[PDB]
Amino acid sequence: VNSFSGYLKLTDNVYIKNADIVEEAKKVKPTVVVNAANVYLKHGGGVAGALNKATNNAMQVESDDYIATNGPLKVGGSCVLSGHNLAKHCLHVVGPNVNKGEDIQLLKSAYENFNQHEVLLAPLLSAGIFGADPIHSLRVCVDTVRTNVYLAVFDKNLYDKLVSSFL
Ligand SMILES: O=C(NCc1c(C(=O)O)[nH]c2ccccc12)c1ccc2[nH]cnc2c1
C-alpha cells in the first residue's frame, strides 16, 4: 500500500491521473519524482521548468554542479539527484526531443531507467514540448516499465484521450 490517490489503473504496474506533477509531488513526497530533463539539465520549461521553479531554483543549482563535474547526460540516459522539497530523489531522465530531431526509438531506452526504482511519480517522457505523441509514449511506457509508475498528466483533455484510446 502506498499514498497515491485517485489514479486509474491501466495495467498491473501503470497508473494514470490528471494532475499537476508539482502539486502531486508536494502532497505525496514520493520517493522518486521523474523530471523530463535535457542532456544539459537546463530546466527552462515544460515539466522541468515547473519542477525547478517549485524548488526555488535549487534543482538548477544542484544540476549545474552535476554537469560541471560529469558533463552532459546521454539522450536515453538519466541521473539521480535530490528531490528537494518535492520528493526524496529526482530521477532526471532524457527522452528524445523530436523538435531537435532525436531518434524516437531512444524513448524505450529512456523508460528503461524507471526499472531501477520500485515506485515513481512521472510525466510521460518526450511528451509536451519534447514533441512526441503522448499516446505513443504511454504505449512505450506500458511495454517497457515493469516497476510501479504513477503518471501525472497535466492536461485534462489529453488525459481523456489517453484513457479512451488505451489498448
Ligand atoms: O509541460 C508540462 N507538461 C507536459 C508534458 C508531459 C505530459 O503532461 O504528458 N510530458 C512532458 C515531457 C516533457 C516536457 C513536457 C511534458 C508541464 C507540467 C506541469 C506544469 N506545471 C506548470 N507548468 C507545467 C508544465
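Whatever order the structure lists ligands and atoms in, that order sets their numbers, starting from 1. The basis for the numbers below is simple: all heavy atoms, side chains too, and nothing from hydrogens, waters or symmetry mates. Numbers for residues simply follow the sequence, beginning at 1.
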> Which of these, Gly128, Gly95, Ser137, has its nearest heavy atom closest to atom 4 (C) of ligand 1?
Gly128

> For ligand 1, is any non-hydrogen atom under 4.0 Å from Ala36's backbone (N, CA, C, O), its side chain (CB onward), both, or neither?
side chain

> What protein heavy atom sits nearest atom 18 (C) of ligand 1, and how far off is it?
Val47 CG2, 3.6 Å

> Applying the side chain to side chain contact (heavy atoms under 4.5 Å, CB included) criterion to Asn35, which one of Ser78, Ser63, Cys90 satisfies it?
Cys90

> Within the side chain of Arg139, is there an N or O that forms a donor-acceptor pair under 3.5 Å with the backbone of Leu167?
yes

> Nearest heavy atom to atom 14 (C) of ligand 1 wins, so pick from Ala127, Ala48, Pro134.
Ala127

> Please confirm whether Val22 approaches ligand 1 to less than 4.0 Å, judged on its heavy atoms.
no

> Could you identify the single nearest non-hydrogen protein atom to atom 24 (C) of ligand 1 and state the distance to 0.1 Å?
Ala50 CB, 3.7 Å

> Look at atom 19 (C) of ligand 1 and say which protein heavy atom is nearest, naming residue and atom and giving the distance to 0.1 Å.
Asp20 OD1, 3.9 Å

> Would you kindly specify which portion of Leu125 sits under 4.0 Å from ligand 1, judged on non-hydrogen atoms: side chain, backbone, both or neither?
neither

> Is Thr147 reaching over with its side chain to a backbone N or O of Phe114, donor-acceptor style, under 3.5 angstrom?
yes

> For the rings on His92 and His43, is their centre-to-centre separation under 6.0 Å?
yes

> How about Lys88 and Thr31: does a side-chain donor come under 3.5 Å of a side-chain acceptor?
no

> Just jot down the ligand 1 atoms closer than 4.0 angstrom to any heavy atom of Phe154, in number order.
8 (O)

> So, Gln60 side chain and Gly44 main chain: donor-acceptor pair closer than 3.5 Å or not?
no

> Classify the angle between the aromatic ring planes of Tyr7 and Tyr150 as parallel (below 30°), tilted (30 to 60°) or perpendicular (above 60°).
perpendicular

> After noting the C-alpha distance and the side-chain angles of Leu51 and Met59, does the key distance pass the side chain to side chain contact (heavy atoms under 4.5 Å, CB included) rule?
CA-CA 8 Å; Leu51 289 170; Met59 179 181 282; 4.0 Å; yes

> Around atom 10 (N) of ligand 1, find the nearest protein heavy atom and jot down its residue, atom name and distance.
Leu124 O, 2.8 Å

> For atom 1 (O) of ligand 1, which protein heavy atom lies nearest, and how many Å away is it?
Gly46 CA, 3.2 Å

